[PDB]
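Colleague:
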Amino acid sequence: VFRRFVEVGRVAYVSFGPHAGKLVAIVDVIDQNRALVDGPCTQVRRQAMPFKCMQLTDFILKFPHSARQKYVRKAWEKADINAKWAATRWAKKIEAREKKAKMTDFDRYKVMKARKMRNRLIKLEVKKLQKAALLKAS
Amino acid sequence: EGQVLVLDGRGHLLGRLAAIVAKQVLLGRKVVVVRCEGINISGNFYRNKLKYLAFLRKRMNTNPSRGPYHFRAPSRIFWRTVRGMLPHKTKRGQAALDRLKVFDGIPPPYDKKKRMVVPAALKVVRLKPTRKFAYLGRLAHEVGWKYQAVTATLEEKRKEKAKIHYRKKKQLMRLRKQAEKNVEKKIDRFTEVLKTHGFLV
Amino acid sequence: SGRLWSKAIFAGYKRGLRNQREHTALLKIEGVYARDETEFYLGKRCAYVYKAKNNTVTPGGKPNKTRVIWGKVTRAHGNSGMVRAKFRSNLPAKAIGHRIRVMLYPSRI
Amino acid sequence: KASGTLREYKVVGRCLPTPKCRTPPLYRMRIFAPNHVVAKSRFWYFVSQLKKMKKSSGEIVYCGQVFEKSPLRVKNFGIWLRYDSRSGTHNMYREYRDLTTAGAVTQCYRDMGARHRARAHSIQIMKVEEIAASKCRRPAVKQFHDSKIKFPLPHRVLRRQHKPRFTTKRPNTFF
Amino acid sequence: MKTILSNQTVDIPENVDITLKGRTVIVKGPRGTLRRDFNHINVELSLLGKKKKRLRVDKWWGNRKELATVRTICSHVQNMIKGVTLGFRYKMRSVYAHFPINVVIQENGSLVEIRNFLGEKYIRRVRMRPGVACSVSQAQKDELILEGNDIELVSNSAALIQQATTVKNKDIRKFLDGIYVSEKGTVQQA
RNA sequence: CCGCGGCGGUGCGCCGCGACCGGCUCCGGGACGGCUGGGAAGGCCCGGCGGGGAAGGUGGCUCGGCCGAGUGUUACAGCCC
RNA sequence: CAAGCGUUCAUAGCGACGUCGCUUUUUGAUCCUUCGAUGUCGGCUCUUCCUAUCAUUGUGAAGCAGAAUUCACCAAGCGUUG
RNA sequence: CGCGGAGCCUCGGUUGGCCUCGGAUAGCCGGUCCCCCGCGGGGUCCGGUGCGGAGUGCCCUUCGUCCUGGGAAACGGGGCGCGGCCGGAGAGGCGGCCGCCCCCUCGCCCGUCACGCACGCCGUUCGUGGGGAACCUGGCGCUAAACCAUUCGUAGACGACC
Ligand SMILES: [Mg+2]
Ligand SMILES: [Mg+2]
Ligand SMILES: [Mg+2]
Ligand SMILES: [Mg+2]
Ligand SMILES: [Mg+2]
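Residue numbers (the authors' numbering), protein chains in the order written: chain M, 2 to 139; chain O, 3 to 203; chain f, 2 to 110; chain S, 2 to 176; chain H, 1 to 190.
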C-alpha cells in the first residue's frame, strides 16, 4: 500500500540531474515517465522532468492542474514548504552528509577526540547497567 | 576495498554475480561466495534444467572420465561460471581462481562474519517482478546433488543460533540508547560537536 | 605513521586486444570510480614496491632488502576512474593484480 | 536521415526564374529534422516528389527554425503519417502527448523504430497538428488526460547499483 | 499500452472477518478459517471499508496481461468467502452399463475405495486432500458427496477420482462408465 | 697551497628542484553578435473581448468525524485554464 | 492451397491442378584436396551415434462396439532374428 | 612446553569491524497495559523511525615519546600475570564466563616543560615473535615401523596382492 499519490502538487525533491537537491511541485503529468514540473521558490523553471530522477514527499499543495507560476508561487509561499522542509528528517540528514564532506582536517581531529571520550562515558554506563541487570537477576 | 570479501549468494543472479566476482578475483582481492544454493537464475525453472541436462549429454565419447566434469553442487556450478570468465588456461587465471572460494550453506569462519551483497547482481534489481525462476539449489538437486536436505537442516540449525546472537545484540543496543539518555549532560557538549560537522543527526 | 602511499592496484598495461603496450600501465586506485573523480591522482608519484633477495641501498637508512620501480600518473583511463601511469622502468607483469603505492607529495592543491 | 532530437527546420523555396516565368511561386514546408543541412535536403526530396522541381533548378530562399510557441504547456500531438514497411507503404494517425511539436515527433520516430522496425529514411510525416482534449482516439494518451490524476511509482528500482558496488544492506524498492 | 489503473471491490458479508497480512489474505467466518497468498500476482490489497465492508484490489502500472489478474484474485477471495460461510458440495454420480462401481469411504473422508469398475480386479484407491470430507450419499443411489471449505481442494479431489476412473483401449464414446461430477453446489444455500 | 675567483668540458652511482619554449590533453573565468531585431517566462498591474476543464458550486451516491473524504453533471466564475 | 474419393461428408482416413521446403542412406554436375600412388568392391566381427519409430512403455486418432486397424505426440529406453 | 642466542631464503601486505531473517506493490524498531507458550518465543494494541541516522553514504580506535601540577574523568588497565567452570563441531578452532598474586592510575580539556632541531628528499609506519629452511639453553615425555630377503598362496607376466 502506498502513501505518496503523485498528484497535481506532490512536492518532489529532485534526487539528481541538473537541479539536484531542490524541491519541485509537480504541476501536471505529461506521460508515463515525465512530468511538467516547477520549483518556484527553490529556483527551478517550469519544465519537463522524469519520475526516475525525482523522489516525492508527504507534503501536498493545492494549485490546480495547469496553473501558471504566480499561482504556484503562492500555495508554496503559504503552506510554507521551505520552513516545513528543514523541520523534516530529510533536511536534517541532508545537511549532515553536507557537513561531513564540508569538514576540514581540523574538524575531523576534534571529532576523533570528542567521540573517544563520548564513547567512554557512554560505555562505562553500559557496563554499570549490566551490573544492575545482573544484581536484578540475583 | 581491501581485505577478504564475503558475499552472500542468496538473491543474486548466477552469472551477473560471477562476472563481478571474477573481475575482483583478477585484481588480487580474495572473494568468498557463500550460500550458493540460494543463488538464482533468470528464465523459468525447467528452461535452465533442460539447459543443464544439455550440458550433461556433452561428454567425451571415447573416454568420459577425461571429458567435461558436470559438477552438481551449486558452489561448484557457480565456480564453473566464474572460471569461464577468467583466462584460466594461464597462470594469472589459476592464481585468480585460488583467490576465489565457494561454499554451499554458510560454514565456520563465514557464519561468524558480516557479509555483503552485490546489488548489481541482485535479482530484485536486475529482473522484472513478473518473470520466472529457478533456485540453483533446486536445479542442483534435480541434476544430482545429494545434499539439499542436509544443507537445509544445518542452515535451519545455524539460523536458530544466529537469531540468538541477533537478539542479544539487539539487547545491547537498547542498553546503549537507554545509557545515552541516562548520561546526557556530561556528554552534552561532545554530542554537540558531533552533530555540528554532520556526525550523528 | 600510516598510508601517505595511497592504495592502488596495477591492473594491466595499456592494450588493445591482440596487442599490449608496456610503457603505460593501468592503475586501479581505491575509492575512485568516475573520470570526474580522478583529477587529483594526476601527476602524483607512485611506486611498485618490493623486496627481493639481495640487499640494496636505502636513502635515510642502511642497506635493506627492498626495491621499487618509481613512476608517475599521466592521465585518466575511461569513464570508471581508472588511471594511466607510466613508470620509469616498465612494470614486470609479476605485479599484475598486486599493490602499487600512489603518493601525495607532488600535490597541486 | 538519422536523428538526435528533432527540430522544425521550416523552409521555403522557389524554382529559380527562367526568361519565360519571372516570378515563380514560393512554398513553406514544415521540414522537420536534426539541423539545417539535412532539413534543406529534406524539402527537396519532398518537393521533388510533388512539384517538378530540383536542386539545380531551384533555390532555398529561407530556411530557419520554427520554435515552439507554447513549450510550457502540455499538448495532444497528432500526425497524419506515412511509412514504408517491408511489404508495402502505410498511412497512420498516431498521438504523442509531449509539450512541443518537435519533441512530439522525436517520440514518433523512436516508436516507428520500435513498434514497427521502420527507420527514418522510410518514414514521411504528412502533417503534425496539436489536438484539443476531445478528438483524441488513442487510449494511451486519452488517460493522462484528467484533473485528479494519480500515481505511485510502485516498484522503483535502485539505480546507483554500483555506488556501493557491494554493501551489507540489501536495497529497497518500496517508497 | 500500460493502463494507469484497474481495480475491483469485493463485497464482504457481515458474517466473515478477512484480515490481510500484507498480501496474504486470511478469512474466518462460521465454518472455519482459510488462507491464501497472492505473493506472485503483485497488486495492492486494501481493506478500505471500515466496520469491515470492502476488500479492494488495485493493480496500478499494469499492462494487459496483469490487468487480467485483478479479477482472478478478486475471484479466489469471493470463492473463499463462499467456502467459509456456506462451504461447497460437489456431487458425483457413478455411471454404467454393467459392473457396479462399488464405492466405500474408509477413514473419515480420505480413502475412497472402488472395486469392480468394468470388472477390474485392481481396487483403485484415492486420497482426498486435507479438509476434504468425502461421504457416500443417501436419498440417491450411486452418488458421492465431497464436502469442504476449499474449492481448490474439493475439485482436485473430485477430479482425482473422476480421473482415476478412466477406461483404456476402448471407445469412450461407448464405454461411458466411471464416476463423474454432476453438481457443483454448496452445503448451506441461504 | 688557498681561492672552488672567471672559462671550458662532466654528472662515479642513486636523485630531487626550478623557470622559458614546442606539441598536446584538460580546467576556471569573463564580454559580445545574430536570430520570426530570438522564441518562451517572470513581476506589476490595469481596462477590456471571447471559449474549455471544470466550483470557494450545485447535485445524485458513498465513506469518515455541519465539517472532512469519494464518485456524477450543467456549466456561470467567487480556480484555474 | 485446395478440385475430388470416402453411401452422405473436403480434410476419420484420403486427395487432383498448383505451390513452398528440407534431406543428404539415390544418382548427376563440379573438379576444391591427394598422382615422392590416403589399399579400389563385397562378407565376417565390434563399437558408437542419428532418427527418417518396425516392435515395447505412456498417450492423443479414427468411418474405434468388441475384436482387430490404420493417423498422430513425447519418445530412441531396450528389441530388429535362423 | 616454555622461554632463550646467530641466518640462508620466499614473499604478499602496511587499523580493525565480533555475525539475524528476509521483503520488495513493503519493511525497521520500540513499548506492552493485555493475552498464550517455552529469562526468553508467539500473539494483539499503541508510539516512533522508514531516498533508511541502534544509515556498510555505515561503527569503532587511535597516530611523534615522557616531565609535573590543575580541572574534567576514577578502579580502569596490565604482568604471553596465574587456576577452575562454560559454550561453540559442517570442514570448531575459537571465544566465553569465575578465584588469587604482584604491578601499574592511563580517555578529554588545560597549564608546563621536555625527547639527536641530522642542518626542502627514496623504499617512511604494521599484520611480524611472518611462512619456510639450517644451528647455541632448561623440563617433561618418548621409546619404530616400513621396504628387501624368506614363506604363502586368496593372486600371476613381470611387476602388483592374501
Ligand atoms: Mg618492507
Ligand atoms: Mg479395440
Ligand atoms: Mg462427394
Ligand atoms: Mg601408405
Ligand atoms: Mg520423431
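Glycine residues also receive a C-beta, built at the ideal position from the N, C-alpha and C atoms.
1) Going along chain S in order, which residues have a C-beta closer than 9 Å to the C-beta of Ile161(H)?
2) Looking at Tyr63(S) and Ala34(S), is the spacing between their C-beta atoms short of 8 Å?
3) Should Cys22(S) be labelled buried (16 or more other beta-carbon atoms within 10 Å of its own) or exposed?
4) Sorted by chain position, which residues of the same chain lie with C-beta nearer than 7 Å to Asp99(S)'s C-beta, five sequence neighbours on each side aside?
5) Go ahead and label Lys45(f) buried or exposed: buried means 16 or more other beta carbons lie within 10 angstroms of its beta carbon, across all protein chains shown.
6) From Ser135(S), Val75(S), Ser71(S), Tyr97(S), pick the residue whose C-alpha is nearest to that of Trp81(S); which is it?
7) Looking at the strands, I want to know which residues DSSP matches up with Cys74(H).
8) Please list, in chain order, all residues of the same chain as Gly13(O) whose beta carbon is under 6 Å from its beta carbon, the five residues on each side excluded.
9) With a threshold of 6 Å on Cβ separation, who are the neighbours of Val50(f) within its own chain once the five nearest residues in sequence on each side are excluded?
10) Given 8 Å as the limit, is there contact between the region 87-97 of chain f and the region 12-21 of chain S, that is, 3 or more CB pairs closer than that?
11) From the DSSP output, in three-state form, read off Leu196(O) for me.
12) Scan the region 37-73 of chain M and note each continuous beta strand (DSSP E) run of 3 residues or more that stays entirely inside, going in chain order.
13) Can you tell me which of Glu40(f), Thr59(f), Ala53(f) puts its alpha carbon nearest to the alpha carbon of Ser81(f)?
14) Mind listing the chain H neighbours of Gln33(M)? Cutoff is C-beta to C-beta under 9 Å, in chain order.
15) So, for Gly62(H): in the same chain, excluding its five sequence neighbours on each side, which residues have a beta-carbon less than 7 Å away from its beta-carbon?
16) Going by DSSP in three states, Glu60(S) sits in which element: helix, strand or coil?
17) Just the chain M side, please: which residues come within less than 7 Å of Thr193(O) by C-beta, in chain order?
18) Which residue or residues does DSSP assign as beta-bridge partners of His14(O)?
19) How about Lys8(f): is its Cβ closer than 7 Å to a heavy atom in ligand 1?
20) Could you list which residues in chain M have their beta carbon closer than 9 Å to that of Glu44(H), in chain order?
21) Going by other Cβ atoms of all chains shown within 10 Å of its Cβ, with 16 needed for buried, is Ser88(S) buried or exposed?
22) Quick check on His37(S): does DSSP put it in helix, strand or coil?
23) How would you label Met83(f), buried or exposed, when you count the other beta carbons within 10 angstroms and need 16 or more for buried?
24) Under 8 Å between C-beta atoms, does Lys161(O) make it to chain S?
25) By the 9 Å beta-carbon criterion, what residues does the region 127-145 of chain S contribute toward chain H?
26) Taking DSSP as the reference, what is the three-state secondary structure of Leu82(S)?
27) Could you check how far apart the C-beta atoms of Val126(H) and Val112(H) are, in whole angstroms? I think they sit under 8 Å.
28) Residues of chain O with CB under 8 Å from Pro165(S), in chain order?
29) So is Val38(S) buried or exposed if we call it buried at 16+ other beta carbons inside 10 Å?
30) Would DSSP call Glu69(S) helix, strand or coil?
31) Taking a cut-off of 7 Å, which residues have a beta-carbon closer than that to any heavy atom of ligand 1, in chain order?
32) Of all Cβ atoms in chain M, is any one closer than 8 Å to the Cβ of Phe152(S)?
33) Can you look up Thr155(O) in the DSSP assignment and give me helix, strand or coil?
34) Please compile the residues from chain S whose C-beta is within a distance smaller than 7 Å of the C-beta of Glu8(M).
35) Tell me whether the region 154-172 of chain H and the region 31-47 of chain H touch, counting them as touching only if at least three CB pairs, one residue from each stretch, are closer than 8 Å.
36) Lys87(f): buried (16+ other C-beta within 10 angstroms of its C-beta) or exposed?
Modeller: Result, derived from the coordinates:
1) Going along chain S, no residue has its Cβ under 9 Å from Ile161(H), so there is no contact; the nearest lies around 43 Å.
2) no
3) exposed
4) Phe78, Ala105, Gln108
5) buried
6) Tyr97(S)
7) Beta-bridge pairing links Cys74(H) to no other residue.
8) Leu124, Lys125
9) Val69, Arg102
10) no
11) helix
12) 45-51, 56-61
13) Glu40(f)
14) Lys2, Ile4, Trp61
15) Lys2, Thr3, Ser6
16) strand
17) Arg119
18) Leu124(O)
19) no
20) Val2, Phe3
21) exposed
22) helix
23) buried
24) no
25) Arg139, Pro140, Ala141, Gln144, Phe145
26) strand
27) 5 Å
28) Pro121
29) exposed
30) coil
31) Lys52(f), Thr67(f)
32) yes
33) helix
34) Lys151
35) no
36) buried
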